[PDB]
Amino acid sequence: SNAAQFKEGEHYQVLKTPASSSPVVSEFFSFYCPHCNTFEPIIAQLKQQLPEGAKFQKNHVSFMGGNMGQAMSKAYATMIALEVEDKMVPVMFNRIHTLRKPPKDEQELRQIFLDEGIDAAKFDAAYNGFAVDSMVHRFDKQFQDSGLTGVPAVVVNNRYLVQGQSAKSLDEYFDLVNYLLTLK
């Protein structure tokens, strides 16, 4: 017998973007998105069970938060640049969704980092710097080129968009991502 396989059109969609050069799982998210917050424990599990060699990369989108969406994307890229994601990702989700005190402007956004002990000079150099600017350009262009319509969204190898609702269980969802990682 031959085993059943995941199906294009039911379980995933092939996007117009080029395939990646190595295996990668990308999650498009916003800190403003409650469901993205809810998805965090599942993302942690997903990462822990990925095949050796596969990368995982969050991409922040700028379309939630009104006039603070771009600033919040810069904040996420700053977390990457400063290598403080493990602390600052849950801090930022907590600030928005549990404390429910989202930053009204870039000054308040910066203060969220300083209040966790992030060095002010390092923050200022990163937030307004070239690496962060480059990363936010990439987040936005990837979202556009991929033709995505909302968050959260999980894309494997740059061109396989997971149809999240198609999986009947978490283990099946993981199986789907692991399968897509083998496709070019």
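Numbering starts at 1 and runs along the sequence shown.
Trainee: Got a sec? Mean C-alpha B-factor, which is higher, 26-34 or 111-119?
Mentor: Per the PDB record, 111-119.
Trainee: If you take the mean CA temperature factor per stretch, which one wins between 148-156 and 123-131?
Mentor: 123-131 has the higher mean C-alpha B-factor.
Trainee: Lowest, middle or highest third of the chain for the C-alpha temperature factor of residue 54?
Mentor: Within its chain, residue 54 is a highest-third residue by C-alpha B-factor, going by the deposited values.
Trainee: By its CA B factor, does residue 142 count among the lowest, middle or highest third of the modelled residues in the chain?
Mentor: Residue 142: CA B-factor falls in the lowest third of its chain.
Trainee: Using the temperature factors of the C-alpha atoms in this entry, rank residue 183 within its chain: lowest, middle or highest third.
Mentor: Highest third, going by the recorded CA B-factors of the chain.
Trainee: Lowest, middle or highest third: where is residue 74 by C-alpha B factor in its chain?
Mentor: Lowest third - that is where residue 74 ends up once the chain's C-alpha B-factors are sorted.
Trainee: Can you work out whether the C-alpha temperature factor of residue 170 puts it in the lowest, middle or highest third of the chain?
Mentor: It belongs to the middle third of the chain when residues are ordered by C-alpha B-factor.
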